[PDB]
$ cat upload05.pdb   # PDB, C-alpha atoms and all ligand atoms
MODEL        1
ATOM      1  CA  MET B 395     -10.472 -12.600 -16.696
ATOM      2  CA  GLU B 396     -10.193 -16.280 -15.835
ATOM      3  CA  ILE B 397      -6.596 -17.394 -16.602
ATOM      4  CA  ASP B 398      -6.276 -21.074 -17.585
ATOM      5  CA  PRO B 399      -3.662 -22.591 -15.132
ATOM      6  CA  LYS B 400      -2.046 -24.396 -18.138
ATOM      7  CA  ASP B 401      -0.943 -20.845 -19.273
ATOM      8  CA  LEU B 402       1.204 -20.356 -16.135
ATOM      9  CA  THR B 403       4.749 -21.496 -15.382
ATOM     10  CA  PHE B 404       6.065 -21.311 -11.790
ATOM     11  CA  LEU B 405       9.713 -20.242 -11.641
ATOM     12  CA  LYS B 406      10.731 -18.891  -8.159
ATOM     13  CA  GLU B 407       9.215 -18.450  -4.692
ATOM     14  CA  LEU B 408       8.847 -14.698  -3.894
ATOM     15  CA  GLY B 409       7.923 -15.175  -0.220
ATOM     16  CA  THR B 410       4.900 -15.399   2.095
ATOM     17  CA  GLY B 411       2.206 -12.883   2.992
ATOM     18  CA  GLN B 412      -1.259 -12.776   4.648
ATOM     19  CA  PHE B 413      -2.705 -15.121   1.970
ATOM     20  CA  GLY B 414       0.299 -17.506   1.869
ATOM     21  CA  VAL B 415       2.902 -18.130  -0.823
ATOM     22  CA  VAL B 416       3.558 -15.795  -3.770
ATOM     23  CA  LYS B 417       5.546 -17.025  -6.799
ATOM     24  CA  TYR B 418       7.244 -15.485  -9.778
ATOM     25  CA  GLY B 419       6.392 -16.967 -13.145
ATOM     26  CA  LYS B 420       5.515 -16.527 -16.802
ATOM     27  CA  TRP B 421       2.002 -16.105 -18.246
ATOM     28  CA  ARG B 422       1.343 -17.344 -21.855
ATOM     29  CA  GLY B 423       5.140 -18.065 -22.036
ATOM     30  CA  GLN B 424       6.204 -14.407 -22.391
ATOM     31  CA  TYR B 425       4.816 -12.224 -19.587
ATOM     32  CA  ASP B 426       6.537 -11.860 -16.195
ATOM     33  CA  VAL B 427       3.985 -12.308 -13.397
ATOM     34  CA  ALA B 428       3.620 -12.590  -9.621
ATOM     35  CA  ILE B 429       1.087 -15.269  -8.639
ATOM     36  CA  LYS B 430      -0.539 -15.274  -5.180
ATOM     37  CA  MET B 431      -1.643 -18.745  -4.134
ATOM     38  CA  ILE B 432      -4.508 -18.124  -1.684
ATOM     39  CA  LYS B 433      -4.070 -20.504   1.290
ATOM     40  CA  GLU B 434      -7.134 -22.337   2.548
ATOM     41  CA  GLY B 435      -9.007 -20.413   5.254
ATOM     42  CA  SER B 436      -7.114 -17.099   4.765
ATOM     43  CA  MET B 437      -9.655 -15.285   2.538
ATOM     44  CA  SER B 438     -13.411 -14.561   2.192
ATOM     45  CA  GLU B 439     -13.143 -16.230  -1.312
ATOM     46  CA  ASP B 440     -16.777 -15.944  -2.630
ATOM     47  CA  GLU B 441     -16.868 -12.224  -1.690
ATOM     48  CA  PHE B 442     -13.474 -11.636  -3.439
ATOM     49  CA  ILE B 443     -14.614 -13.586  -6.597
ATOM     50  CA  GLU B 444     -17.920 -11.627  -6.847
ATOM     51  CA  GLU B 445     -15.932  -8.276  -7.099
ATOM     52  CA  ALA B 446     -12.622  -9.314  -8.871
ATOM     53  CA  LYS B 447     -13.954  -7.837 -12.202
ATOM     54  CA  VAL B 448     -14.086  -4.317 -10.558
ATOM     55  CA  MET B 449     -10.454  -4.746  -9.396
ATOM     56  CA  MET B 450      -9.377  -5.731 -12.928
ATOM     57  CA  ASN B 451     -11.002  -2.540 -14.315
ATOM     58  CA  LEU B 452      -8.645  -0.648 -11.965
ATOM     59  CA  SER B 453      -5.895   0.259 -14.389
ATOM     60  CA  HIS B 454      -3.290   2.950 -13.752
ATOM     61  CA  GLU B 455       0.459   3.151 -14.438
ATOM     62  CA  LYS B 456       1.192   3.409 -10.669
ATOM     63  CA  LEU B 457      -1.106   0.538  -9.627
ATOM     64  CA  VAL B 458       0.166  -3.039  -9.703
ATOM     65  CA  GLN B 459      -1.909  -4.350 -12.625
ATOM     66  CA  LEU B 460      -4.203  -7.342 -12.013
ATOM     67  CA  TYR B 461      -3.978  -9.553 -15.147
ATOM     68  CA  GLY B 462      -6.438 -12.235 -14.045
ATOM     69  CA  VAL B 463      -7.525 -14.908 -11.538
ATOM     70  CA  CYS B 464      -7.785 -18.762 -11.396
ATOM     71  CA  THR B 465     -11.002 -19.422  -9.405
ATOM     72  CA  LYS B 466     -12.038 -22.908 -10.783
ATOM     73  CA  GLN B 467      -9.558 -24.545  -8.345
ATOM     74  CA  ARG B 468      -8.149 -24.389  -4.804
ATOM     75  CA  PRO B 469      -5.885 -22.542  -4.072
ATOM     76  CA  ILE B 470      -7.274 -19.527  -5.927
ATOM     77  CA  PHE B 471      -4.553 -17.742  -7.946
ATOM     78  CA  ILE B 472      -4.266 -13.951  -8.327
ATOM     79  CA  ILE B 473      -2.001 -13.094 -11.326
ATOM     80  CA  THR B 474      -0.497  -9.620 -11.464
ATOM     81  CA  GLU B 475       2.283  -7.546 -13.019
ATOM     82  CA  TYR B 476       5.697  -8.591 -11.606
ATOM     83  CA  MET B 477       7.695  -5.981  -9.544
ATOM     84  CA  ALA B 478      11.370  -7.065  -9.492
ATOM     85  CA  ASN B 479      12.537  -4.938  -6.521
ATOM     86  CA  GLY B 480       9.869  -6.223  -4.053
ATOM     87  CA  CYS B 481       8.316  -4.024  -1.309
ATOM     88  CA  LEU B 482       9.046  -0.301  -0.794
ATOM     89  CA  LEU B 483       9.931  -0.576   2.915
ATOM     90  CA  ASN B 484      12.873  -3.028   2.327
ATOM     91  CA  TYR B 485      13.828  -0.989  -0.768
ATOM     92  CA  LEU B 486      14.038   2.314   1.260
ATOM     93  CA  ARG B 487      16.249   0.596   3.885
ATOM     94  CA  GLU B 488      18.816  -0.661   1.242
ATOM     95  CA  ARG B 490      23.292   1.455  -1.528
ATOM     96  CA  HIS B 491      20.644   3.616  -3.271
ATOM     97  CA  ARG B 492      21.990   6.849  -1.686
ATOM     98  CA  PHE B 493      18.554   8.461  -2.362
ATOM     99  CA  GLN B 494      18.378  12.227  -3.221
ATOM    100  CA  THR B 495      15.409  14.282  -1.917
ATOM    101  CA  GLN B 496      14.102  14.590  -5.532
ATOM    102  CA  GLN B 497      13.851  10.741  -5.668
ATOM    103  CA  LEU B 498      11.995  10.664  -2.307
ATOM    104  CA  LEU B 499       9.389  13.139  -3.654
ATOM    105  CA  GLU B 500       9.105  11.197  -6.941
ATOM    106  CA  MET B 501       8.169   8.072  -4.829
ATOM    107  CA  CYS B 502       5.496  10.164  -3.016
ATOM    108  CA  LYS B 503       4.210  11.349  -6.365
ATOM    109  CA  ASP B 504       3.988   7.730  -7.759
ATOM    110  CA  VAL B 505       1.944   6.666  -4.691
ATOM    111  CA  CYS B 506      -0.201   9.810  -4.764
ATOM    112  CA  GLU B 507      -1.085   9.347  -8.479
ATOM    113  CA  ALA B 508      -2.233   5.744  -7.824
ATOM    114  CA  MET B 509      -4.263   6.912  -4.765
ATOM    115  CA  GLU B 510      -5.841   9.856  -6.631
ATOM    116  CA  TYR B 511      -6.928   7.327  -9.316
ATOM    117  CA  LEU B 512      -8.397   4.964  -6.637
ATOM    118  CA  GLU B 513     -10.121   7.963  -4.951
ATOM    119  CA  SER B 514     -11.622   8.949  -8.398
ATOM    120  CA  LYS B 515     -13.121   5.403  -8.557
ATOM    121  CA  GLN B 516     -14.299   5.651  -4.871
ATOM    122  CA  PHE B 517     -12.167   2.570  -4.123
ATOM    123  CA  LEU B 518     -10.449   2.294  -0.715
ATOM    124  CA  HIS B 519      -7.013   0.720  -0.337
ATOM    125  CA  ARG B 520      -7.536   0.096   3.496
ATOM    126  CA  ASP B 521      -3.885  -0.948   4.134
ATOM    127  CA  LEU B 522      -1.727   1.729   2.530
ATOM    128  CA  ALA B 523       1.885   1.552   3.835
ATOM    129  CA  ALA B 524       5.426   1.222   2.357
ATOM    130  CA  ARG B 525       5.285  -2.573   3.032
ATOM    131  CA  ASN B 526       2.237  -2.672   0.659
ATOM    132  CA  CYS B 527       3.864  -0.692  -2.217
ATOM    133  CA  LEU B 528       6.111  -2.509  -4.707
ATOM    134  CA  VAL B 529       9.117  -1.327  -6.765
ATOM    135  CA  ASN B 530       9.903  -2.418 -10.371
ATOM    136  CA  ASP B 531      13.314  -2.864 -12.092
ATOM    137  CA  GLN B 532      13.287   0.907 -12.977
ATOM    138  CA  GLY B 533      12.730   2.099  -9.389
ATOM    139  CA  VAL B 534       9.093   3.032 -10.115
ATOM    140  CA  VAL B 535       6.852   2.644  -7.004
ATOM    141  CA  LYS B 536       3.363   1.176  -7.490
ATOM    142  CA  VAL B 537       0.659   0.445  -4.938
ATOM    143  CA  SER B 538      -0.353  -3.204  -4.461
ATOM    144  CA  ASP B 539      -3.038  -5.272  -2.685
ATOM    145  CA  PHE B 540      -5.560  -2.361  -2.707
ATOM    146  CA  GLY B 541      -8.977  -3.515  -1.482
ATOM    147  CA  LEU B 542      -7.795  -7.010  -0.393
ATOM    148  CA  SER B 543      -7.835  -6.054   3.347
ATOM    149  CA  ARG B 544     -11.697  -6.472   3.120
ATOM    150  CA  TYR B 545     -11.320 -10.184   2.409
ATOM    151  CA  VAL B 546      -8.894 -11.198   5.155
ATOM    152  CA  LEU B 547     -10.180 -13.990   7.449
ATOM    153  CA  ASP B 548      -7.978 -13.432  10.543
ATOM    154  CA  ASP B 549      -9.287 -11.780  13.746
ATOM    155  CA  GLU B 550      -5.776 -10.550  14.703
ATOM    156  CA  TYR B 551      -5.752  -8.456  11.491
ATOM    157  CA  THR B 552      -9.414  -7.332  11.122
ATOM    158  CA  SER B 553      -9.922  -6.170  14.764
ATOM    159  CA  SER B 554      -8.651  -2.589  15.443
ATOM    160  CA  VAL B 555      -7.111  -4.038  18.687
ATOM    161  CA  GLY B 556      -5.702  -7.174  16.989
ATOM    162  CA  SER B 557      -1.923  -7.832  16.952
ATOM    163  CA  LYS B 558      -1.702  -7.541  13.128
ATOM    164  CA  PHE B 559      -4.000  -4.531  12.646
ATOM    165  CA  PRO B 560      -2.115  -1.596  10.938
ATOM    166  CA  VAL B 561      -2.431   0.731  14.018
ATOM    167  CA  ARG B 562       0.547   2.993  13.068
ATOM    168  CA  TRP B 563      -1.126   3.881   9.692
ATOM    169  CA  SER B 564      -4.648   4.421  11.122
ATOM    170  CA  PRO B 565      -6.524   7.633  11.976
ATOM    171  CA  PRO B 566      -8.381   8.020  15.346
ATOM    172  CA  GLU B 567     -11.834   7.421  13.734
ATOM    173  CA  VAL B 568     -10.629   4.002  12.445
ATOM    174  CA  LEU B 569      -9.087   3.044  15.809
ATOM    175  CA  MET B 570     -12.120   4.218  17.860
ATOM    176  CA  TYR B 571     -15.066   3.562  15.490
ATOM    177  CA  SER B 572     -13.765   1.317  12.603
ATOM    178  CA  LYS B 573     -14.868   4.179  10.214
ATOM    179  CA  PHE B 574     -12.923   3.660   6.949
ATOM    180  CA  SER B 575     -13.158   6.301   4.191
ATOM    181  CA  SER B 576     -11.033   8.033   1.559
ATOM    182  CA  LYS B 577      -9.867  10.158   4.579
ATOM    183  CA  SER B 578      -8.491   7.083   6.430
ATOM    184  CA  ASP B 579      -6.389   6.304   3.278
ATOM    185  CA  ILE B 580      -5.231   9.985   3.364
ATOM    186  CA  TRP B 581      -3.942   9.499   6.929
ATOM    187  CA  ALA B 582      -2.093   6.271   5.878
ATOM    188  CA  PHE B 583      -0.571   8.186   2.927
ATOM    189  CA  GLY B 584       0.910  10.824   5.291
ATOM    190  CA  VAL B 585       2.482   7.989   7.356
ATOM    191  CA  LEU B 586       3.828   6.451   4.082
ATOM    192  CA  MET B 587       5.323   9.846   3.127
ATOM    193  CA  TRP B 588       7.019   9.806   6.583
ATOM    194  CA  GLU B 589       8.347   6.242   5.932
ATOM    195  CA  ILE B 590       9.807   7.459   2.620
ATOM    196  CA  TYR B 591      11.470  10.636   4.027
ATOM    197  CA  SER B 592      12.870   8.807   7.098
ATOM    198  CA  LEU B 593      14.308   6.069   4.760
ATOM    199  CA  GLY B 594      12.070   3.282   6.143
ATOM    200  CA  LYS B 595      12.086   4.011   9.907
ATOM    201  CA  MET B 596       9.286   2.321  11.882
ATOM    202  CA  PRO B 597       6.646   4.949  12.802
ATOM    203  CA  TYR B 598       6.377   5.674  16.585
ATOM    204  CA  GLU B 599       9.573   3.599  17.171
ATOM    205  CA  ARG B 600       9.938   1.953  20.642
ATOM    206  CA  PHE B 601       6.212   2.483  21.344
ATOM    207  CA  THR B 602       3.684  -0.354  21.127
ATOM    208  CA  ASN B 603       0.533  -0.434  18.960
ATOM    209  CA  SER B 604      -1.585   0.160  22.085
ATOM    210  CA  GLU B 605       0.564   3.159  23.222
ATOM    211  CA  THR B 606       0.509   4.461  19.595
ATOM    212  CA  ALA B 607      -3.351   4.326  19.465
ATOM    213  CA  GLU B 608      -3.543   6.322  22.747
ATOM    214  CA  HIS B 609      -0.852   8.895  21.753
ATOM    215  CA  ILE B 610      -2.364   9.552  18.257
ATOM    216  CA  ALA B 611      -5.851  10.092  19.789
ATOM    217  CA  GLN B 612      -4.317  12.723  22.178
ATOM    218  CA  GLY B 613      -2.554  14.534  19.319
ATOM    219  CA  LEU B 614       0.994  13.106  19.100
ATOM    220  CA  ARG B 615       2.336  13.298  15.519
ATOM    221  CA  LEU B 616       5.399  11.922  13.678
ATOM    222  CA  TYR B 617       8.407  14.293  13.760
ATOM    223  CA  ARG B 618       9.624  16.049  10.657
ATOM    224  CA  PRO B 619      12.259  13.770   9.041
ATOM    225  CA  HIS B 620      15.726  15.203   8.415
ATOM    226  CA  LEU B 621      15.253  14.737   4.624
ATOM    227  CA  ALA B 622      11.821  16.509   4.549
ATOM    228  CA  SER B 623      11.775  20.229   3.668
ATOM    229  CA  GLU B 624       9.272  22.458   5.516
ATOM    230  CA  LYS B 625       6.956  22.336   2.412
ATOM    231  CA  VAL B 626       7.109  18.487   2.282
ATOM    232  CA  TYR B 627       6.390  18.212   6.031
ATOM    233  CA  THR B 628       3.365  20.564   5.662
ATOM    234  CA  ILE B 629       1.964  18.114   3.035
ATOM    235  CA  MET B 630       2.408  14.905   5.192
ATOM    236  CA  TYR B 631       1.235  16.787   8.333
ATOM    237  CA  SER B 632      -2.008  17.938   6.579
ATOM    238  CA  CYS B 633      -2.884  14.167   6.302
ATOM    239  CA  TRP B 634      -2.995  13.845  10.102
ATOM    240  CA  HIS B 635      -5.760  16.294  11.046
ATOM    241  CA  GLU B 636      -7.792  14.988  14.058
ATOM    242  CA  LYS B 637     -10.957  15.727  11.964
ATOM    243  CA  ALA B 638     -11.316  13.545   8.813
ATOM    244  CA  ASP B 639     -13.291  16.360   7.011
ATOM    245  CA  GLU B 640     -10.310  18.750   7.527
ATOM    246  CA  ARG B 641      -7.863  16.355   5.813
ATOM    247  CA  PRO B 642      -7.144  17.084   2.089
ATOM    248  CA  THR B 643      -8.263  14.788  -0.780
ATOM    249  CA  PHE B 644      -5.705  12.921  -2.987
ATOM    250  CA  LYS B 645      -6.518  15.447  -5.792
ATOM    251  CA  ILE B 646      -5.237  18.276  -3.491
ATOM    252  CA  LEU B 647      -2.231  16.262  -2.197
ATOM    253  CA  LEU B 648      -1.184  15.298  -5.763
ATOM    254  CA  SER B 649      -1.458  18.990  -6.818
ATOM    255  CA  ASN B 650       0.577  20.092  -3.722
ATOM    256  CA  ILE B 651       3.264  17.433  -4.458
ATOM    257  CA  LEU B 652       3.497  18.637  -8.117
ATOM    258  CA  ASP B 653       3.809  22.248  -6.830
ATOM    259  CA  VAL B 654       6.708  21.340  -4.458
ATOM    260  CA  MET B 655       8.408  19.374  -7.308
ATOM    261  CA  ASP B 656       8.262  22.455  -9.619
ATOM    262  CA  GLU B 657       9.697  24.670  -6.772
TER     263      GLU B 657
HETATM  264  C1  LIG O 701       2.984  -8.703  -2.185
HETATM  265  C2  LIG O 701       3.814  -9.913  -1.786
HETATM  266  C3  LIG O 701       3.610 -10.524  -0.521
HETATM  267  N1  LIG O 701       2.490 -10.033   0.223
HETATM  268  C4  LIG O 701       1.183 -10.406  -0.007
HETATM  269  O1  LIG O 701       0.898 -11.289  -0.809
HETATM  270  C5  LIG O 701       0.145  -9.669   0.799
HETATM  271  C6  LIG O 701       0.395  -8.400   1.311
HETATM  272  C7  LIG O 701      -0.643  -7.694   1.936
HETATM  273  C8  LIG O 701      -1.936  -8.234   2.092
HETATM  274  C9  LIG O 701      -3.091  -7.465   2.787
HETATM  275  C10 LIG O 701      -4.466  -7.799   2.208
HETATM  276  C11 LIG O 701      -3.105  -7.801   4.281
HETATM  277  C12 LIG O 701      -2.973  -5.950   2.652
HETATM  278  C13 LIG O 701      -2.150  -9.531   1.587
HETATM  279  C14 LIG O 701      -1.131 -10.236   0.948
HETATM  280  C15 LIG O 701       4.430 -11.571  -0.065
HETATM  281  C16 LIG O 701       5.472 -12.063  -0.904
HETATM  282  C17 LIG O 701       5.675 -11.506  -2.163
HETATM  283  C18 LIG O 701       4.854 -10.431  -2.614
HETATM  284  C19 LIG O 701       5.116  -9.907  -3.979
HETATM  285  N2  LIG O 701       6.463  -9.747  -4.315
HETATM  286  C20 LIG O 701       6.730  -9.273  -5.563
HETATM  287  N3  LIG O 701       7.989  -9.173  -6.059
HETATM  288  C21 LIG O 701       9.248  -9.485  -5.454
HETATM  289  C22 LIG O 701       9.323  -9.978  -4.111
HETATM  290  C23 LIG O 701      10.581 -10.322  -3.575
HETATM  291  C24 LIG O 701      11.743 -10.140  -4.343
HETATM  292  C25 LIG O 701      13.092 -10.424  -3.729
HETATM  293  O2  LIG O 701      13.349 -11.592  -3.451
HETATM  294  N4  LIG O 701      14.034  -9.383  -3.432
HETATM  295  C26 LIG O 701      13.746  -7.940  -3.566
HETATM  296  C27 LIG O 701      14.913  -7.243  -4.229
HETATM  297  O3  LIG O 701      16.139  -7.500  -3.545
HETATM  298  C28 LIG O 701      16.427  -8.897  -3.555
HETATM  299  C29 LIG O 701      15.353  -9.688  -2.845
HETATM  300  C30 LIG O 701      11.665  -9.666  -5.648
HETATM  301  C31 LIG O 701      10.413  -9.342  -6.212
HETATM  302  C32 LIG O 701       5.669  -8.931  -6.447
HETATM  303  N5  LIG O 701       5.653  -8.401  -7.726
HETATM  304  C33 LIG O 701       4.351  -8.264  -8.036
HETATM  305  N6  LIG O 701       3.512  -8.708  -6.983
HETATM  306  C34 LIG O 701       4.351  -9.139  -5.978
HETATM  307  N7  LIG O 701       4.025  -9.647  -4.747
ENDMDL
END

$ encode --input "upload05.pdb" --output "structure tokens"
Amino acid sequence: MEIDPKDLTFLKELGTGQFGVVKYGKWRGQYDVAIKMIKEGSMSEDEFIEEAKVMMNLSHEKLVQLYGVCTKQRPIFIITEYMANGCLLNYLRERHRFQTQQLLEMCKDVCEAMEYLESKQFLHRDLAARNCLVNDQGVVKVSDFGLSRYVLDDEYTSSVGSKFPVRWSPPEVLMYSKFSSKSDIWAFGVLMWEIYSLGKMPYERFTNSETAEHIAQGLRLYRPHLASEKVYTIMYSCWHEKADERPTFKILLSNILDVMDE
């Protein structure tokens, strides 16, 4: 869907990300939207355009909904559902006095979105709490799934670059740049750890380079105080050295529902 830019009103600046400025606005006068304004040189634009229809067909309650794009102009606009509470990481760190039931509910929200993406054989490639958003009701939804592919920035795309998500990557991504549904599984386990530690930085006080080395040897994130033994077993299963020994999102989602019922 090609949104006519005359149907958008720009109301507030939401901040800056990898692709530049993001604004809050209204679409067709009534619908609350976030609008990414793609800065010149930051994206592989023609590749993104010739695949944006697939991304629009991605529709799930726990996925930030893509409403449309403005591609007959520069900057390109990406118009999505608005999430009033911003990113999950900053949200975890904030007054909320979270209960363990709420922490699992957040894991479930993310897992449902990821099981849906897995069912469509679509990789997120940068799953982390900083890339999940929270709405006015405290519902967590995953955002910017598949956009990692289109980043034009060597510090981000190189596994040894300063911006590469090393702390959310499995050994086969760090050593061989081998992305799969199993590399998103690993990132999900790290995200579960971010949630249960209330937004702590994974492998705190260690650099990306030391993290890459330690993970390859077998170091794993400690069990957070707020994680039960059952919850830790689930996030730990995501970090198997062998990608084929890691569960699928179907299994994780089923395991999370089982813990919830217990
Ligand atoms: C996502 C994003 C980025 N990042 C990128 O664009 C990006 C990320 C990753 C990559 C890859 C490819 C590298 C992976 C590429 C690009 C930067 C800025 C905003 C947003 C953003 N913010 C939203 N809502 C907010 C935000 C803030 C506040 C606020 O001010 N608050 C919070 C509450 O307390 C008070 C203060 C309230 C609501 C959205 N709602 C729907 N979409 C939204 N997008």

$ axis_aligned_box --input "upload05.pdb" --around "segment 439-444 of chain B" --padding-each-side "3 Å" --output "JSON"
{"center_x": -15.5, "center_y": -13.9, "center_z": -4.1, "size_x": 10.8, "size_y": 10.6, "size_z": 11.5}

$ atom_distance --input "upload05.pdb" --atom1 "atom CA of residue 415 of chain B" --atom2 "atom CA of residue 401 of chain B"
19.0 Å

$ closest_atom_pairs --input "upload05.pdb" --of "chain B" --to "ligand LIG 701 (chain O)" --cutoff "8 Å" --atoms "all atoms listed in the file" --output "Markdown table"
| residue | atom | partner | partner_atom | distance |
| --- | --- | --- | --- | --- |
| B:408 | CA | O:LIG701 | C23 | 4.7 |
| B:409 | CA | O:LIG701 | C16 | 4.0 |
| B:410 | CA | O:LIG701 | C15 | 4.4 |
| B:411 | CA | O:LIG701 | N1 | 4.0 |
| B:412 | CA | O:LIG701 | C14 | 4.5 |
| B:413 | CA | O:LIG701 | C14 | 5.2 |
| B:414 | CA | O:LIG701 | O1 | 6.8 |
| B:415 | CA | O:LIG701 | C16 | 6.6 |
| B:416 | CA | O:LIG701 | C17 | 5.0 |
| B:417 | CA | O:LIG701 | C17 | 7.2 |
| B:418 | CA | O:LIG701 | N3 | 7.4 |
| B:427 | CA | O:LIG701 | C33 | 6.7 |
| B:428 | CA | O:LIG701 | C33 | 4.7 |
| B:429 | CA | O:LIG701 | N6 | 7.2 |
| B:430 | CA | O:LIG701 | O1 | 6.1 |
| B:458 | CA | O:LIG701 | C33 | 6.9 |
| B:474 | CA | O:LIG701 | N6 | 6.1 |
| B:475 | CA | O:LIG701 | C33 | 5.4 |
| B:476 | CA | O:LIG701 | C33 | 3.8 |
| B:477 | CA | O:LIG701 | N5 | 3.7 |
| B:478 | CA | O:LIG701 | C31 | 4.1 |
| B:479 | CA | O:LIG701 | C27 | 4.0 |
| B:480 | CA | O:LIG701 | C21 | 3.6 |
| B:481 | CA | O:LIG701 | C22 | 6.7 |
| B:484 | CA | O:LIG701 | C26 | 7.7 |
| B:485 | CA | O:LIG701 | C27 | 7.2 |
| B:520 | CA | O:LIG701 | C12 | 7.6 |
| B:521 | CA | O:LIG701 | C12 | 5.3 |
| B:522 | CA | O:LIG701 | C12 | 7.8 |
| B:525 | CA | O:LIG701 | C6 | 7.8 |
| B:526 | CA | O:LIG701 | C7 | 5.9 |
| B:528 | CA | O:LIG701 | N5 | 6.6 |
| B:529 | CA | O:LIG701 | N5 | 7.9 |
| B:530 | CA | O:LIG701 | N5 | 7.8 |
| B:538 | CA | O:LIG701 | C1 | 6.8 |
| B:539 | CA | O:LIG701 | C12 | 5.4 |
| B:540 | CA | O:LIG701 | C12 | 6.9 |
| B:541 | CA | O:LIG701 | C10 | 7.2 |
| B:542 | CA | O:LIG701 | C10 | 4.3 |
| B:543 | CA | O:LIG701 | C10 | 4.0 |
| B:544 | CA | O:LIG701 | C10 | 7.4 |
| B:545 | CA | O:LIG701 | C10 | 7.3 |
| B:546 | CA | O:LIG701 | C10 | 6.3 |
| B:551 | CA | O:LIG701 | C11 | 7.7 |

$ resolve_selection --input "upload05.pdb" --expression "the PyMOL selection byres (((chain B and resi 465) around 12) and not hetatm)" --output "JSON, numbers by chain"
{"B": [395, 396, 397, 398, 399, 431, 432, 439, 440, 442, 443, 444, 446, 462, 463, 464, 466, 467, 468, 469, 470, 471, 472, 473]}

$ atom_distance --input "upload05.pdb" --atom1 "atom CA of residue 573 of chain B" --atom2 "atom CA of residue 518 of chain B"
11.9 Å

$ build_atoms --input "upload05.pdb" --residues "segment 595-607 of chain B" --atoms "N, CA and C atoms" --output "tab-separated table (two decimals), keeping the file's coordinate frame"
chain	number	residue	atom	x	y	z
B	595	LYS	N	12.13	4.17	8.44
B	595	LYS	CA	12.09	4.01	9.91
B	595	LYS	C	10.69	3.49	10.27
B	596	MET	N	10.58	2.82	11.42
B	596	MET	CA	9.29	2.32	11.88
B	596	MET	C	8.58	3.50	12.53
B	597	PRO	N	7.31	3.81	12.17
B	597	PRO	CA	6.65	4.95	12.80
B	597	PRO	C	6.40	4.70	14.28
B	598	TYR	N	6.58	5.73	15.12
B	598	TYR	CA	6.38	5.67	16.58
B	598	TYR	C	7.27	4.59	17.20
B	599	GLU	N	8.56	4.57	16.76
B	599	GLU	CA	9.57	3.60	17.17
B	599	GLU	C	9.67	3.49	18.69
B	600	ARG	N	9.83	2.26	19.21
B	600	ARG	CA	9.94	1.95	20.64
B	600	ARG	C	8.61	2.11	21.39
B	601	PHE	N	7.51	2.42	20.68
B	601	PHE	CA	6.21	2.48	21.34
B	601	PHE	C	5.34	1.38	20.78
B	602	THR	N	4.48	0.78	21.61
B	602	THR	CA	3.68	-0.35	21.13
B	602	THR	C	2.50	0.15	20.32
B	603	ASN	N	1.74	-0.78	19.70
B	603	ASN	CA	0.53	-0.43	18.96
B	603	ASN	C	-0.48	0.19	19.91
B	604	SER	N	-0.63	-0.36	21.10
B	604	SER	CA	-1.58	0.16	22.08
B	604	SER	C	-1.21	1.56	22.56
B	605	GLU	N	0.09	1.82	22.81
B	605	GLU	CA	0.56	3.16	23.22
B	605	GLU	C	0.42	4.11	22.04
B	606	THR	N	0.67	3.62	20.81
B	606	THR	CA	0.51	4.46	19.60
B	606	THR	C	-0.94	4.93	19.44
B	607	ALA	N	-1.92	4.02	19.58
B	607	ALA	CA	-3.35	4.33	19.46
B	607	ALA	C	-3.73	5.44	20.43
